[PDB]
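**Q** There's a structure below that I have some questions on.
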2 protein chains.
Amino acid sequence: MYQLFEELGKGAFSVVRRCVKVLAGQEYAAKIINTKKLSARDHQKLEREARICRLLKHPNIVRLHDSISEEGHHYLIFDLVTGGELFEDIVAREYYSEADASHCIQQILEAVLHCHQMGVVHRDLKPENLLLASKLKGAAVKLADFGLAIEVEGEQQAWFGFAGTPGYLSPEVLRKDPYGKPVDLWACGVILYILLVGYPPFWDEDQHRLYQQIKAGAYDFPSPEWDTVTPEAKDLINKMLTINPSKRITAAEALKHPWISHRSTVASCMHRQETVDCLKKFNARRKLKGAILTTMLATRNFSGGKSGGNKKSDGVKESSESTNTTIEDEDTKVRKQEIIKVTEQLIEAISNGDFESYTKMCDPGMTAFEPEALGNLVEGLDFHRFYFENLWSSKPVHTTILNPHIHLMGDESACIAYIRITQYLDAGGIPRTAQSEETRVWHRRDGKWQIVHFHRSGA
Amino acid sequence: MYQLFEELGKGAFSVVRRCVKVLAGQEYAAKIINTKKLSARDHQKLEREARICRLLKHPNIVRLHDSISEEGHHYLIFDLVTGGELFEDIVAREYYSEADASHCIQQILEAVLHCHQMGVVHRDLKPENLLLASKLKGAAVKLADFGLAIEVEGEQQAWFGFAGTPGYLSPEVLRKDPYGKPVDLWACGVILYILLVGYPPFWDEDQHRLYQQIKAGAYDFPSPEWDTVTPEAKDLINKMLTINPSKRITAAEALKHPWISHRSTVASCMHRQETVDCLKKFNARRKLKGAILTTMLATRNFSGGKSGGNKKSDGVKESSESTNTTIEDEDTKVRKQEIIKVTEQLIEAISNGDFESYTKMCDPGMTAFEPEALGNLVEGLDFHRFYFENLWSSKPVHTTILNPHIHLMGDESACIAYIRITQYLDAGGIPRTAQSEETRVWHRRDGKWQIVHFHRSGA
């Protein structure tokens with residue numbers, strides 16, 4: 001059904017690759033999950049993932065088009081978004097302000113609101129899920145990958161398991177409390193914070209200490225970098241990083257916060273180069289912490305090409321190697337014989353009165369000096385046509401070429417000079433003979449020798 | 001004094017590099033020891049290493065030429081041997097028999113005998129110290145690197161320290177007994193054994209167990225591979241791998257052993273492919289042990305393989321239009337003008353009667369059709385010399401070129417045709433005028449346009 005092309009990204013248990021639907025000619029992202037490496041439970045919960053992703057239809061959420069299981073693999077086929085990570089893109093930009101971070105978070109909150117309204121909680125919101133739609137300027141931010149997402153019943157809270165990514169885990173998940181939609185607003189607070197200053201609010205080498213920090217809500221806004229952040233951006237972060245989920249801002253309420261809904265009078269317009277610089281290091285530390293799959297069993301993409309243009313074959317090499325040095329300077333020249341071939345064909349074409357073959361061997365802008373031109377230079381083949389039509393269209397005539405000399409001037413140019421003697425009969429012969437001295441200038445154009453100019457004397 | 005070139009090998013505390021003595025023009029191996037990484041004691045014992053290596057003059061031992069200390073480095077400059085390791089070379093050979101291993105061990109024992117006679121014990125004999133003199137067929141085996149070597153007093157034994165390489169350590173060193181020359185004969189037994197079957201006599205993942213094996217002398221000659229080894233090769237190994245150093249064969253006695261001294265009637269001539277195959281893996285395991293710590297100026301990427309792909313670009317370049325406005329729009333390659341230049345210089349050279357400049361612009365084998373040749377084809381410049389000498393060496397004469405046409409036939413070939421009109425005076429002028437139709441065939445040879453053939457009419 002599909003054809004897999006380049007890899008776009010990875011997880012521990014999946015890769016994502018561009019693919020093309022064979023019969024459609026439409027391109028998609030294939031999430032390829034190695035089901036041999038999953039627990040029975042995580043394999044089974046792929047049914048829930050597939051279902052959640054079909055439900056979700058929103059401009060800031062990548063949607064599922066298809067789901068396929070084979071013996072060792074499951075395939076979840078989504079829309080292709082080609083801009084890569086938001087976070088990578090932010091560091092390559094010429095300007096980045098609070099006003100620009102607000103537009104990022106608004107798009108994320110719109111997506112999250114839509115999830116929550118459909119009874120879906122993402123549970124594992126992090127920078128890796130934040131993709132750009134395309135490489136075009138101002139492409140939309142899009143949520144991608146809901147592999148840890150859950151379905152909830154209205155506003156009911158439950159214990160859905162300990163799942164998430166350490167730095168983005170909510171206090172309630174860490175306290176083992178029943179939970180729901182607010183877990184995603186905590187993670188948005190962590191993302192917003194990183195979007196403003198380029199580093200996370202909670203970090204510790206010791207994971208147990210990290211969790212105590214999260215549960216305590218022990219983040220800060222240190223100078224110098226927070227001194228130029230507006231009080232309203234800090235207020236929104238505070239409202240999201242509220243320890244008690246019943247008191248945490250919802251996605252609907254966050255979207256009405258002035259730093260989002262009154263962005264144009266509230267959010268700062270100042271470029272934050274230090275954020276861009278810190279985010280580079282953040283981005284880099286995220287790409288070292290990882291793992292690699294053992295094997296790479298893959299299919300073969302279409303291969304080959306047709307050759308472009310015409311190339312000369314040339315003389316075949318006599319052997320792979322020999323004692324005698326290759327390319328000796330003094331040797332018999334076949335090339336001169338090639339010129340002799342096209343020249344004999346020329347003389348035969350003139351003798352037979354075949355203007356058709358004479359045209360092929362001559363350049364359309366052929367130059368000519370001949371006694372029939374009375375000392376003038378003639379261009380084209382119109383002039384010799386009068387002799388092809390009238391005279392040569394026919395008593396016995398014998399031509400004789402004497403003392404031919406050939407000058408080879410590269411692969412594509414040559415010149416031959418010789419004496420032509422013609423034996424013929426005039427009226428009631430009386431056999432006659434005539435001499436002329438002829439020069440032909442040959443030039444190979446597109447793999448074919450053509451006369452560019454010729455000179456004749458005494459005829 | 002010296003110039004360092006490529007690296008040849010390494011240790012933990014030294015690299016070896018080819019170098020050239022600036023004022024000599026002689027090449028050597030420089031052992032470069034980073035003295036900042038040595039203990040005070042090992043730095044000090046470089047004096048002993050330098051001394052031992054000057055003492056030793058033998059055909060199967062690489063000798064020291066010079067010793068230099070700088071602030072962070074010591075340099076021990078030795079003869080360059082270019083064949084690499086014996087062991088690497090054995091696996092690339094077309095044939096390898098007991099008789100060939102006997103020749104290896106004889107050379108090693110000769111070197112060791114010479115050490116022992118000079119009161120030097122190597123202490124760390126191993127495959128890495130066994131180098132070939134050159135890449136020539138039958139190059140000698142040479143001992144290289146005596147960094148753990150000691151000086152002994154006659155036949156006196158002492159405790160010189162625990163030093164060596166685990167697999168080659170003698171029982172007496174492991175028992176902490178005073179020791180001397182026999183430690184090197186134990187290591188030769190281990191080397192001989194590896195030379196015969198391609199694997200070591202003592203091996204264990206657990207170093208403490210390895211040492212108990214060594215101290216017990218618990219090696220064996222298992223079938224199938226030892227079944228075709230002669231009893232005399234096994235006898236020599238047994239004599240060397242004798243636990244009690246007072247009973248171990250000496251280097252002098254080993255050299256008189258029939259498997260060495262009667263090689264031609266005693267040592268088998270049968271190719272041992274299984275030894276060659278095992279030795280490949282042995283060689284590979286020796287080159288990949290992980291270092292305990294890694295220290296370097298740059299991370300370092302290895303260079304090798306091939307350089308395929310990289311197709312060359314076509315290279316055509318567009319010509320910018322002149323910025324000043326032009327009344328008529330024309331744009332031929334300045335190449336046509338180049339032909340016009342050399343042609344005008346030709347006409348001026350003929351007019352001035354300058355045969356010198358005329359010779360340069362003409363090919364030595366120039367072809368010519370002209371009325372002065374009476375319908376014949378003339379080769380060379382001898383024919384026109386008569387006109388340069390006599391006539392042109394001189395009344396007022398004016399030349400006029402009419403209707404020039406140029407055919408460009410590649411970068412190296414061109415052809416120009418034109419009408420030449422000459423105004424002159426005959427006897428007592430009476431101004432006269434003459435017409436001729438001329439064709440020149442130019443060819444660039446070694447960056448210079450030369451006439452290969454020319455044609456003239458009506459002159």
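Labeling convention for the structure tokens: chains A, B, ... as they appear, residues from 1 per chain, ligands from 1 in order of appearance.
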From a DSSP calculation on the backbone, collect every residue of segment 199-418 of chain B in alpha helix (DSSP H) and output the set as an MDAnalysis selection string.

**A** chainID B and resid 207:216 231:240 251:255 258:261 263:266 273:287 334:351 355:360 382:389

**Q** Considering only C-alpha atoms, return as a PDB file with N, CA and C atoms, in the first residue's frame whatever protein or nucleic-acid residues lie within 12 Å of residue 382 of chain B, sequence-local ones (same chain, fewer than 2 positions apart) excluded.

**A**
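Output (around_9.pdb):
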```pdb
ATOM      1  N   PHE B 355      60.133  36.753 -41.701  1.00  0.00           N
ATOM      2  CA  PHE B 355      59.981  35.302 -41.674  1.00  0.00           C
ATOM      3  C   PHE B 355      60.098  34.743 -40.263  1.00  0.00           C
ATOM      4  N   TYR B 358      56.692  34.939 -38.838  1.00  0.00           N
ATOM      5  CA  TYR B 358      55.867  34.047 -39.641  1.00  0.00           C
ATOM      6  C   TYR B 358      56.077  32.591 -39.247  1.00  0.00           C
ATOM      7  N   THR B 359      57.293  32.234 -38.827  1.00  0.00           N
ATOM      8  CA  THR B 359      57.558  30.854 -38.434  1.00  0.00           C
ATOM      9  C   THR B 359      56.824  30.488 -37.148  1.00  0.00           C
ATOM     10  N   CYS B 362      53.116  29.599 -37.576  1.00  0.00           N
ATOM     11  CA  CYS B 362      52.853  28.482 -38.471  1.00  0.00           C
ATOM     12  C   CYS B 362      53.363  27.185 -37.865  1.00  0.00           C
ATOM     13  N   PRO B 364      55.174  23.648 -37.918  1.00  0.00           N
ATOM     14  CA  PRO B 364      56.295  23.160 -38.737  1.00  0.00           C
ATOM     15  C   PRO B 364      55.861  22.289 -39.902  1.00  0.00           C
ATOM     16  N   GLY B 365      54.763  21.551 -39.763  1.00  0.00           N
ATOM     17  CA  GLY B 365      54.246  20.736 -40.845  1.00  0.00           C
ATOM     18  C   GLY B 365      53.041  21.369 -41.507  1.00  0.00           C
ATOM     19  N   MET B 366      53.132  22.668 -41.777  1.00  0.00           N
ATOM     20  CA  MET B 366      51.998  23.407 -42.310  1.00  0.00           C
ATOM     21  C   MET B 366      51.690  22.974 -43.737  1.00  0.00           C
ATOM     22  N   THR B 367      50.410  22.764 -44.016  1.00  0.00           N
ATOM     23  CA  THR B 367      49.935  22.406 -45.342  1.00  0.00           C
ATOM     24  C   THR B 367      49.496  23.662 -46.091  1.00  0.00           C
ATOM     25  N   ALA B 368      49.703  23.663 -47.409  1.00  0.00           N
ATOM     26  CA  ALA B 368      49.477  24.870 -48.195  1.00  0.00           C
ATOM     27  C   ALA B 368      49.037  24.542 -49.617  1.00  0.00           C
ATOM     28  N   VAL B 378      51.841  21.818 -50.797  1.00  0.00           N
ATOM     29  CA  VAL B 378      53.170  22.101 -50.268  1.00  0.00           C
ATOM     30  C   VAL B 378      53.138  21.966 -48.751  1.00  0.00           C
ATOM     31  N   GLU B 379      54.137  21.288 -48.195  1.00  0.00           N
ATOM     32  CA  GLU B 379      54.242  21.075 -46.759  1.00  0.00           C
ATOM     33  C   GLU B 379      55.476  21.785 -46.220  1.00  0.00           C
ATOM     34  N   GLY B 380      55.330  22.431 -45.073  1.00  0.00           N
ATOM     35  CA  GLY B 380      56.450  23.133 -44.490  1.00  0.00           C
ATOM     36  C   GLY B 380      56.466  24.613 -44.819  1.00  0.00           C
ATOM     37  N   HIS B 384      57.655  29.066 -48.778  1.00  0.00           N
ATOM     38  CA  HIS B 384      57.383  30.495 -48.667  1.00  0.00           C
ATOM     39  C   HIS B 384      58.629  31.290 -48.313  1.00  0.00           C
ATOM     40  N   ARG B 385      59.676  30.606 -47.848  1.00  0.00           N
ATOM     41  CA  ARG B 385      60.924  31.279 -47.515  1.00  0.00           C
ATOM     42  C   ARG B 385      61.503  31.992 -48.729  1.00  0.00           C
ATOM     43  N   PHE B 386      61.359  31.394 -49.918  1.00  0.00           N
ATOM     44  CA  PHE B 386      61.864  32.028 -51.130  1.00  0.00           C
ATOM     45  C   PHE B 386      61.205  33.378 -51.372  1.00  0.00           C
ATOM     46  N   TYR B 387      59.934  33.520 -51.000  1.00  0.00           N
ATOM     47  CA  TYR B 387      59.259  34.799 -51.161  1.00  0.00           C
ATOM     48  C   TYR B 387      59.578  35.751 -50.020  1.00  0.00           C
ATOM     49  N   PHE B 388      59.846  35.226 -48.822  1.00  0.00           N
ATOM     50  CA  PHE B 388      60.270  36.112 -47.741  1.00  0.00           C
ATOM     51  C   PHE B 388      61.670  36.662 -47.992  1.00  0.00           C
ATOM     52  N   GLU B 389      62.580  35.826 -48.497  1.00  0.00           N
ATOM     53  CA  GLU B 389      63.953  36.271 -48.722  1.00  0.00           C
ATOM     54  C   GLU B 389      64.035  37.255 -49.881  1.00  0.00           C
TER      55      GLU B 389
END
```

**Q** I need the residues of segment 108-195 of chain B that end up classed as strand (DSSP E) by DSSP on the backbone, written out as a list in words.

**A** residues 120, 121, 130, 131, 132, 141, 142, 143, 150 and 151 of chain B

**Q** Can you pull out every residue within 8 Å of residue 84 of chain A, counting only C-alpha atoms, but drop anything in the same chain fewer than 5 positions away, and send it as a short mmCIF file (atom, residue, chain, number, x, y, z; two decimals) with N, CA and C atoms, in the first residue's frame?

**A**
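Dumped everything to around-v3.cif:
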```
data_model
loop_
_atom_site.label_atom_id
_atom_site.label_comp_id
_atom_site.auth_asym_id
_atom_site.auth_seq_id
_atom_site.Cartn_x
_atom_site.Cartn_y
_atom_site.Cartn_z
N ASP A 89 13.70 25.45 15.11
CA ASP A 89 13.42 26.58 14.27
C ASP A 89 13.63 27.93 15.00
N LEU A 131 5.93 20.48 16.36
CA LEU A 131 6.45 20.46 15.01
C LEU A 131 5.90 21.65 14.22
N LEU A 132 6.61 22.08 13.19
CA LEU A 132 6.12 23.10 12.25
C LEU A 132 5.54 22.42 10.99
N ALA A 133 4.44 22.98 10.48
CA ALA A 133 3.69 22.46 9.35
C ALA A 133 4.49 22.37 8.07
N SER A 134 5.39 23.33 7.89
CA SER A 134 6.22 23.42 6.68
C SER A 134 7.38 24.36 6.97
#
```

**Q** Pairing every C-alpha atom in order, fit chain A onto chain B and give me the RMSD in Å.

**A**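 After least-squares fitting, the two copies differ by 4.8 Å C-alpha RMSD.
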
**Q** Could you make a table, as a tab-separated table, of the residues of chain A that have an atom within 12 Å of an atom of chain B, each with its nearest atom pair and distance in Å to one decimal, counting only C-alpha atoms, in chain and number order?

**A**
```
residue	atom	partner	partner_atom	distance
A:363	CA	B:407	CA	10.8
A:365	CA	B:407	CA	9.6
A:366	CA	B:407	CA	9.3
A:367	CA	B:405	CA	8.0
A:368	CA	B:417	CA	8.7
A:369	CA	B:437	CA	7.3
A:370	CA	B:457	CA	9.0
A:371	CA	B:457	CA	9.0
A:373	CA	B:437	CA	10.9
A:374	CA	B:437	CA	10.0
A:375	CA	B:437	CA	6.4
A:376	CA	B:419	CA	7.7
A:377	CA	B:418	CA	7.5
A:378	CA	B:405	CA	10.4
A:379	CA	B:405	CA	9.6
A:402	CA	B:377	CA	9.9
A:403	CA	B:377	CA	7.8
A:404	CA	B:377	CA	9.1
A:405	CA	B:367	CA	8.0
A:406	CA	B:367	CA	9.3
A:407	CA	B:452	CA	6.9
A:408	CA	B:443	CA	9.3
A:409	CA	B:413	CA	5.9
A:410	CA	B:412	CA	6.8
A:411	CA	B:410	CA	8.9
A:412	CA	B:410	CA	6.8
A:413	CA	B:409	CA	5.9
A:414	CA	B:413	CA	8.5
A:415	CA	B:441	CA	8.0
A:416	CA	B:453	CA	9.0
A:417	CA	B:377	CA	8.1
A:418	CA	B:377	CA	7.5
A:419	CA	B:376	CA	7.7
A:420	CA	B:375	CA	10.4
A:421	CA	B:375	CA	11.2
A:434	CA	B:375	CA	11.5
A:435	CA	B:375	CA	8.1
A:436	CA	B:375	CA	7.4
A:437	CA	B:375	CA	6.4
A:438	CA	B:369	CA	8.6
A:439	CA	B:455	CA	7.5
A:440	CA	B:441	CA	10.4
A:441	CA	B:415	CA	8.0
A:442	CA	B:409	CA	8.8
A:443	CA	B:409	CA	6.2
A:444	CA	B:409	CA	8.3
A:445	CA	B:409	CA	9.0
A:449	CA	B:409	CA	11.4
A:450	CA	B:409	CA	10.9
A:451	CA	B:407	CA	10.5
A:452	CA	B:407	CA	6.9
A:453	CA	B:407	CA	7.9
A:454	CA	B:439	CA	8.7
A:455	CA	B:455	CA	7.2
A:456	CA	B:457	CA	8.3
A:457	CA	B:457	CA	6.4
A:458	CA	B:375	CA	8.0
A:459	CA	B:375	CA	11.1
```

**Q** What is the distance between atom CA of residue 106 of chain B and atom CA of residue 237 of chain B, in Å to one decimal?

**A**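 It comes out at 13.2 Å.
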
**Q** May I have the residues within 12 Å of segment 20-24 of chain B as a VMD selection string, using only C-alpha atoms and disregarding those fewer than 3 positions away in the same chain?

**A** chain B and resid 1 to 6 17 27 to 30 65 to 66 77 to 80

**Q** Quick one: everything within 10 Å of residue 135 of chain A, counting only C-alpha atoms, minus sequence neighbours fewer than 4 positions away in the same chain. Send it as a list in words.

**A** residues 81, 82, 83, 84, 89, 139 and 140 of chain A

**Q** Save out the residues we just selected, C-alpha atoms, as a PDB file, in the first residue's frame.

**A**
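Output (selection11.pdb):
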```
ATOM      1  CA  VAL A  81       4.491  18.097   8.393  1.00  0.00           C
ATOM      2  CA  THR A  82       7.865  19.209   7.009  1.00  0.00           C
ATOM      3  CA  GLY A  83       9.062  22.172   9.164  1.00  0.00           C
ATOM      4  CA  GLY A  84      10.688  20.066  11.926  1.00  0.00           C
ATOM      5  CA  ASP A  89      13.425  26.581  14.266  1.00  0.00           C
ATOM      6  CA  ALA A 139       4.077  27.936   9.291  1.00  0.00           C
ATOM      7  CA  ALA A 140       1.724  26.726  12.040  1.00  0.00           C
TER       8      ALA A 140
END
```

**Q** Please report the interatomic distance between atom CA of residue 213 of chain A and atom CA of residue 150 of chain A in Å with one decimal.

**A**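 Value for the atom CA of residue 213 of chain A-atom CA of residue 150 of chain A distance: 25.8 Å.
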
**Q** Could you list, as a list in words, every residue within 10 Å of segment 246-248 of chain A, counting only C-alpha atoms and ignoring same-chain residues fewer than 4 positions away?

**A**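 My list of contacting residues is residues 182, 183, 185, 186, 238, 239, 240, 241, 242, 253 and 254 of chain A.
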
**Q** Now that the selection is made, can you save its residues with C-alpha atoms as a PDB file, in the first residue's frame?

**A**
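Below is the file result-v4.pdb, written as the result:
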```
ATOM      1  CA  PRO A 182      -4.712  19.679  34.252  1.00  0.00           C
ATOM      2  CA  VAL A 183      -1.560  17.523  33.786  1.00  0.00           C
ATOM      3  CA  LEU A 185      -1.456  22.625  31.637  1.00  0.00           C
ATOM      4  CA  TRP A 186       1.416  21.939  33.961  1.00  0.00           C
ATOM      5  CA  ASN A 238       2.517  31.039  37.731  1.00  0.00           C
ATOM      6  CA  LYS A 239      -1.106  30.185  36.950  1.00  0.00           C
ATOM      7  CA  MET A 240      -0.024  27.094  35.023  1.00  0.00           C
ATOM      8  CA  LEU A 241       2.656  25.962  37.471  1.00  0.00           C
ATOM      9  CA  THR A 242       0.140  25.839  40.331  1.00  0.00           C
ATOM     10  CA  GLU A 253      -8.825  30.323  30.611  1.00  0.00           C
ATOM     11  CA  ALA A 254      -5.161  30.448  29.500  1.00  0.00           C
TER      12      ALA A 254
END
```

**Q** At what distance in Å, to one decimal, does atom CA of residue 210 of chain A lie from atom CA of residue 180 of chain A?

**A**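 These two atoms are separated by 21.8 Å.
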
**Q** Just the residues within 9 Å of residue 276 of chain A, please, counting only C-alpha atoms, with nothing from its chain fewer than 6 positions along; format it as a PyMOL selection string.

**A** chain A and resi 90-93+96+197-198

**Q** With distances taken over only C-alpha atoms, which of A:206, A:344, A:145, A:151 is nearest to residue 166 of chain A?

**A** A:206
